[PDB]
């Protein structure tokens, strides 16, 4: 299924029902399609007490898309603000804070020194379509994501290149061992809805 976020607001959003444990590494993958053109905004964000920008993917207005971990920034080589469906995976490891960015199964770059040695704080709130300024709230419409999201999954390891290809190709459907994409793990609010999603091939048409 897909989540539909049809309008730039500070009140429509999805909420992952599960929280995160303390992560020393992760992979976050998802399909997204954005209507919005001065920047896709914020497909997802993770806020904890102490730090509302604990994990954030945000392309705010006409700026380079950024990953925040613990409010520390890296620019990613994702190019997904073309109004078409795209699959993305981000991997990261506490060890030397090394990240990788994959788009449509292809690795587009890597970097180091993003929040190195910082474990991800457990217990926070994962929001779809909005950027958090408090745990679970204080949304900003100029940062909101407008469009559709599907197959948002989180694992607590760095998936291998080959696994990402298969996910991007949807020749795999194995759910995130931490955050699975299932109906009862994805609540919607304020106008956000859920719908059957086109097949992988239909999308990329």
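Positions refer to the first chain, counted from 1.
Of the two segments, 26-34 and 170-178, the one listed with the higher mean B-factor is 170-178 (C-alpha atoms only).
Taking only CA atoms, the mean B-factor in the PDB entry is higher for 160-168 than for the other of 160-168 and 138-146. Ranked within its chain, residue 50 lands in the highest third, by CA B factor from the PDB record.
Per-chain ranking of the deposited C-alpha B factor places residue 86 in the middle third. Annotation for residue 106: CA B-factor lies in the highest third of the chain's modelled residues. The entry lists a Cα temperature factor for residue 123 that places it in the middle third of the chain's modelled residues. Looking at the C-alpha B-factors along this chain, the one for residue 62 belongs to the highest third.
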